[PDB]
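A.B. asks: Sharing an experimental structure here, sequence included.
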Protein chains: 2
Amino acid sequence: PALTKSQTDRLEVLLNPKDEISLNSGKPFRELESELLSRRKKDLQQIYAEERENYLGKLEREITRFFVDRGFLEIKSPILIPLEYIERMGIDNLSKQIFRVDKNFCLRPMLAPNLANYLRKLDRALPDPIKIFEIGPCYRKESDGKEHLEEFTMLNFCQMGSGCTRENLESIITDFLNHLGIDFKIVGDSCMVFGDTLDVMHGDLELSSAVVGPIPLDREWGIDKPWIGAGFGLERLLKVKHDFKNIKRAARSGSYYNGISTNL
Amino acid sequence: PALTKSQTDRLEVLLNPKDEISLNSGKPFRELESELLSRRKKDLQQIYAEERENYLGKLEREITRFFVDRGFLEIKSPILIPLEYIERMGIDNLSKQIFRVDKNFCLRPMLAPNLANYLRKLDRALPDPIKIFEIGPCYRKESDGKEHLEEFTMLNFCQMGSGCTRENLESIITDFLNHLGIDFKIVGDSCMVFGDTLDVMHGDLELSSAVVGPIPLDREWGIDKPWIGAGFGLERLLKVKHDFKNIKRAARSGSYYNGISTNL
Ligand SMILES: Nc1ncnc2c1ncn2[C@@H]1O[C@H](COP(=O)(O)OP(=O)(O)OP(=O)(O)O)[C@@H](O)[C@H]1O
Ligand SMILES: Nc1ncnc2c1ncn2[C@@H]1O[C@H](COP(=O)(O)OP(=O)(O)OP(=O)(O)O)[C@@H](O)[C@H]1O
Ligand SMILES: N[C@@H](CCCCNC(=O)OC[C@@H]1[C@@H]2CCC#CCC[C@@H]21)C(=O)O
Ligand SMILES: N[C@@H](CCCCNC(=O)OC[C@@H]1[C@@H]2CCC#CCC[C@@H]21)C(=O)O
Ligand SMILES: [K+]
Ligand SMILES: [K+]
Ligand SMILES: [K+]
Ligand SMILES: [K+]
Ligand SMILES: [K+]
Ligand SMILES: [K+]
Ligand SMILES: [Mg+2]
Ligand SMILES: [Mg+2]
Ligand SMILES: [Mg+2]
Ligand SMILES: [Mg+2]
Ligand SMILES: [Mg+2]
Ligand SMILES: [Mg+2]
């Protein structure tokens, strides 16, 4: 007969983009579920036998090699940060998205404040230009949606000193996304923290916001040179690469492994 | 003359294990500081020119390759977890160490609960034995000490099914630490969560606690087979490898890069 909402939801959990299965063909739920369970067990068995790498971990390692090889220093900075960094970033109290931790701390919603501190400090020791990047967890309270996670993974690369032009920023973005095989376009947008941005779009999906400094916020962080930077969501990159319907397939999760349901 | 406490503290920040500099030789602070600042700038310039990899990131990648190559599946699970996982792990309220997040959540203090869930789920799809591991951030409130961080990085590997003997557990630990070049011994200890442990010691420094199941806690997590597992702190491994005096040299930080002060 007809599938209930609970039944369709279960089949959607077990369905993957490579499948060609109609959920509403009239085939009974029991047979659709059994077929998809067999395909997903086979998929996980193949990963276990032949690959064994996590998609988020593997992508982080691929991105790390790209930027290290192009002269950027790899940064690993705190995830648990002072709440004061939030007001100083100019987040007047979307401040409602912040996860607070025991009074004076929060989970970082972006990598920029820690990277600003590193640019300032490293400019006292390293030759021009200063090039650094970080990949790691960031946290925002979000409405339920197909493109948002409350725990996600950011890449932010940035440069300070010479070479900090719009054309060089766009060239790095182009080489990076060409390396990953992802088509894109650049559109102007704006945001409360940085002002005008160059948004990197794949269709209607925002992969990145990028910024050409200086901006007035620089003084609050001791930044006094030209700079460029861009932030990318790794789970959004994986969603494009693997054609996932929902970004949850790509997230840190106990519910999916490399986009395969773990409820088998 | 004589160095103040503030002056000695500044020189200790700038000193590295490879140096052979006496702080109390009678040389004036100004010359000791200038010498150490020049050495550390040179050190950071060399990293920027020739390596560019972060010690924590590089060690995570080295460990990941070791375990993937030995048949363990790489896991990346949530860092922000339900507070309920804490009581169910048998942490009666050292429960005082937990960082709480907005009422019903906390920062994970260990990887075991998420890995227990993965062992249970994967046993329905994968062949015996189930071998998995994770590396990532964990969080504990700690007293100030030379061997503790409030934000640290755990490795936990584990196995469920056949082969889950004390001798196989000790053999994996031995191959792993032999790969890293770190000498150790095994001593019995106990802990509130798991009961008897095999503690992996380098001198008086605990590198790991390891456990041979089953244990009574298994029922609360749906675990019903023999299992073995071990948890290691990556910053403690780096402290041994690089002979750091304080584990802070090894931590996620804005204050040190690969053990070199960023306050230059
Ligand atoms: N909640 C989230 N989940 C997953 N990825 C995210 C999330 N928030 C931001 N990102 C990713 O981080 C990048 C940089 O963050 P930025 O602050 O520019 O996001 P944003 O402008 O708020 O994005 P959106 O408008 O889609 O909410 C984004 O372009 C996106 O790729
Ligand atoms: N606060 C911390 N900072 C750095 N590493 C830690 C910390 N807590 C635990 N570890 C590392 O994680 C491993 C497994 O955690 P476990 O719960 O066994 O620690 P523990 O027994 O509390 O250690 P300790 O007795 O030194 O506090 C430890 O053997 C150690 O290598
Ligand atoms: N997450 C962002 C992605 C954009 C990247 C911009 N930031 C950097 O690249 O790093 C340091 C520069 C400069 C220092 C003076 C200040 C300040 C804040 C940091 C900024 C978003 O569009 O939301
Ligand atoms: N951090 C630890 C390191 C010891 C590792 C043991 N844990 C695992 O290896 O993983 C899953 C097994 C089994 C499931 C039934 C239960 C439960 C909790 C998880 C446990 C410490 O000694 O503090
Ligand atoms: K499909
Ligand atoms: K998550
Ligand atoms: K996952
Ligand atoms: K020394
Ligand atoms: K830290
Ligand atoms: K560091
Ligand atoms: Mg947003
Ligand atoms: Mg946007
Ligand atoms: Mg944006
Ligand atoms: Mg302890
Ligand atoms: Mg102990
Ligand atoms: Mg222990």
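C.D. replies: Happy to help now that I have it. Numbers count the residues shown, from 1 in each chain, chains lettered A, B, ... in the order given. Ligands and ions are numbered 1, 2, ... in the order given.
A.B. asks: Can you report phi and psi for residue A:29?
C.D. replies: Phi and psi for residue A:29, reported as degrees, to the nearest 10, are phi -50, psi -50.
A.B. asks: quick one, helices of the stretch 1-150 of chain A?
C.D. replies: A:5-14, A:29-50, A:55-69, A:84-88, A:112-122 (DSSP state H, counting those that start in this stretch).
A.B. asks: and the ones you listed, which is most packed in?
C.D. replies: helix A:112-122 (a mean of 21; mean count of other CB atoms under 10 Å in any protein chain shown). Bear in mind the C-beta positions are built from the backbone N, C-alpha and C, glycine included.
A.B. asks: rewinding a little: could you export the helices of the stretch 1-150 of chain A as JSON lines, including distance to residue A:222?
C.D. replies: Shown next, in JSON lines, are those (distance: least, CB to CB, whole Å):
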{"stretch": "helix A:5-14", "distance to residue A:222": "49"}
{"stretch": "helix A:29-50", "distance to residue A:222": "46"}
{"stretch": "helix A:55-69", "distance to residue A:222": "24"}
{"stretch": "helix A:84-88", "distance to residue A:222": "11"}
{"stretch": "helix A:112-122", "distance to residue A:222": "5"}
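A.B. asks: right, and these - which one's nearest ligand 4?
C.D. replies: In terms of CB to the nearest ligand atom, the element of the helices of the stretch 1-150 of chain A nearest to ligand 4 is helix A:29-50, at 17.5 Å.
A.B. asks: How much space separates the residue of the stretch 101-250 of chain A found nearest ligand 6 from residue B:105?
C.D. replies: Residue of the stretch 101-250 of chain A nearest ligand 6, by CB to the ion: residue A:151 (3.7 Å). Separation of residue A:151 from residue B:105 (CB to CB, to the nearest Å) stands at 10 Å.
A.B. asks: can you list residues touching both of the two?
C.D. replies: residue B:80 (CB atoms under 8 Å, 6 or more residues apart in numbering or on different chains).
A.B. asks: one step back: got a list of what the residue of the stretch 101-250 of chain A closest to ligand 6 touches?
C.D. replies: By CB under 8 Å, 6+ apart, the contact set of residue A:151 is A:137, A:139, A:251, A:252, B:78, B:79, B:80.
A.B. asks: My guess is residue A:52 contacts residue B:72. True?
C.D. replies: Yes - Residue A:52 lies in contact with residue B:72 (CB atoms under 8 Å); the separation is 6.9 Å.
A.B. asks: Any part of stretch A:61-76 near chain B?
C.D. replies: Yes - shown here: stretch A:61-76 in contact with chain B (CB under 8 Å from any CB of the partner chain) through A:61, A:64, A:68, A:71, A:72, A:73, A:74, A:75, A:76.
A.B. asks: CA atoms only: put that stretch into CSV for me.
C.D. replies: Extracted in CSV, the C-alpha atoms of stretch A:61-76 (Å, rounded to 0.1, in the frame of the first residue of the first chain):
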residue,chain,number,x,y,z
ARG,A,61,44.5,15.9,5.9
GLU,A,62,44.1,16.6,2.2
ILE,A,63,43.4,20.4,2.8
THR,A,64,46.4,20.5,5.3
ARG,A,65,48.8,19.2,2.7
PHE,A,66,47.5,21.7,0.1
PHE,A,67,48.1,24.7,2.3
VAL,A,68,51.4,23.5,3.9
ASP,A,69,52.8,22.9,0.4
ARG,A,70,51.8,26.5,-0.6
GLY,A,71,53.7,28.0,2.4
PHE,A,72,51.0,28.4,5.0
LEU,A,73,51.8,27.4,8.7
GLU,A,74,49.4,24.9,10.2
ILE,A,75,47.8,26.2,13.4
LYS,A,76,45.9,24.3,16.1
